[PDB]
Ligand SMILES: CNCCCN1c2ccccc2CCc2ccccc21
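Single chain ahead, by itself, as structure tokens, in the form deposited without the named molecule.
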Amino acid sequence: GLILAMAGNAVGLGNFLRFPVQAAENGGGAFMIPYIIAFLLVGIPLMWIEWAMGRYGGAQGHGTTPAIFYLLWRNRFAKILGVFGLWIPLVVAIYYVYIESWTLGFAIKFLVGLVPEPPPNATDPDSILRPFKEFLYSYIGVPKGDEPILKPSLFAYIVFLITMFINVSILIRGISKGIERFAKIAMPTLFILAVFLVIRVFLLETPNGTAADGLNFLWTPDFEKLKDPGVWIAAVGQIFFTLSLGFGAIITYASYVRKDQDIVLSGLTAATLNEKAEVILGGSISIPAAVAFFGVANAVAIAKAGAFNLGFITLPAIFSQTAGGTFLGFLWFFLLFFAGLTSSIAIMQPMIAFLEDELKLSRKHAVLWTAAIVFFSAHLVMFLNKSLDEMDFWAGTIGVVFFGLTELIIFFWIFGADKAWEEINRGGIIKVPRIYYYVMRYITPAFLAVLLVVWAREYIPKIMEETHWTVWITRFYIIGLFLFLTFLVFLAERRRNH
């Protein structure tokens, strides 16, 4: 199935770790209403856009974003906007591989038996949260008092090295046959273990809450929080993150596929299985269990205190109250690691492809230098408090929605609305309904543009008053990354005409 490779990179850490965080910190229910609208009016059509843009420029030997933007709009300002097609995946990879290494480190701990346990006599939210919170915080090195320096354990650093070595050895060697035999075993195993864990979580009855309260917290909307654009832009950004949109990823992969081929039905199918994997499996396992085990206030606080910490704290609590949970926990975090592994090798693909097709580097050299830029930068994420969340906000939330609007104007307003409508439907098994045409030309592009404006007039004053230097150094570091990548595209521009 060709829809499984389109969802093998879509289903990853965003489904089981980022979604519970994004939903619980933004309210739940108040977050789900725009999250559904973003999937219909924004997420689905942009999937059709990036596959159409990619195979269009890919038919002329262009797999990189600046080369395709300039092919769709001949202007040096288009190649500058194409740098986000390299900057966003690079910044996300700086922490994504690190979060991926957390799942491998937890899998090794569960296999060997090092698991967190609830206290003997607690039966109150903060006391039973402490063993599971300290299990994660002492691994990633969270101190007390909001001190800016993290002290991760030596085991966590070594597991990060091993995770980098696994990503590099696959990007160089390629997809192996044993990996293909392991992938066809992990896809049912993940979507069978997920079935049991939805049943297990549903009958959770604790003195601190019920799973029914977690589903009540997640599916009852608060309409006064719909006036908050930070809730809206967190929802439209999570849609882009989970669908692998707003990066430079999908446009690079359609460059390697063929024209006169279906990008409509298969593009709609992988976008649905992915939402089935995180709304049902990623959303009704982690969130209701956190509300049942720790209550609402503590579940929201854990979600606000990190970008991926909720699932790492909630799932071991489930497995501590389940017969054989230590074994199932090994399966959970090892399969979650494989989900992140197939995504991280995909996130780092546009950067490696740029060093190949534009700077004429070999596979071995393009991979190893890309890994050097990720490993070196990851030390900010590993050792600076809130540095990981900052990269996740500007690349994984704000960056994807700005770069998603940019794609929707270059391809649908400058390249031609009717001209782009033909590129989407070519070879389609089914046809895109006519109502999406007016949505892609007048509704969605004139909605993301308004959201970023109504958001920036309210939160940018709060952002520029940031007091933590660990945050400003991260903002300074990622600006240097965008300038560094702009310099690389310049070296490619003075090489094509040289």
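Only the largest set of C-alpha atoms that superpose within 1.5 Å between the two forms is called the rigid core. A residue's number is simply how far along the shown sequence it sits, counting from 1.
A second form of this protein, the form solved in complex with the named molecule, is not displayed here; the remarks below concern that form.
In summary, the binding site of this form is blocked: after superposition of the surrounding C-alphas, the named molecule from its pose in the deposited bound form has 3 or more atoms within 2.4 Å of backbone or C-beta atoms.
Under a 4.5 angstroms non-hydrogen atom cutoff, the named molecule in the deposited bound form lacks residue 423 among its neighbouring residues.
Although the partner is absent here, residue 21 is a contact residue: one of its heavy atoms lies within 4.5 angstroms of the named molecule in the deposited bound form.
A residue is said to contact a partner when one of its heavy atoms sits within 4.5 Å of a partner heavy atom; residue 95 meets this definition for the named molecule in the deposited bound form. Although the partner is absent from this view, residue 132 stays clear of the named molecule in the deposited bound form, with no non-hydrogen atom inside 4.5 angstroms. Think of it this way: in the deposited bound form, the named molecule has a heavy atom of just one of 317, 388, 270, 287 within 4.5 Å, and the residue is 388. Only one of 307, 352, 128, 408 comes within 4.5 Å of the named molecule in the deposited bound form through a heavy atom, and that residue is 307. Interface residues of 184-218, taken as those with a heavy atom within 4.5 Å of the named molecule in the deposited bound form (partner not displayed), are absent. Remark: with the core as the superposition reference, the CA shift of residue 148 between the shown form and the other one stays below 2 Å. A movement of the C-alpha atom of residue 113 falling short of 2 angstroms is seen between the shown form and the other one when the two forms are aligned on their rigid core. With a cut-off of 2 Å and the rigid core superposed, residue 391 has a Cα displacement that falls short of the cut-off between the shown form and the other one. Relative to this form, in the deposited bound form the C-alpha atoms of residue 25 and residue 479 separate from one another by 3 angstroms or more. Three angstroms is the minimum change: in the deposited bound form, the CA atoms of residue 175 and residue 350 sit closer than in this structure, by 3 Å or more.
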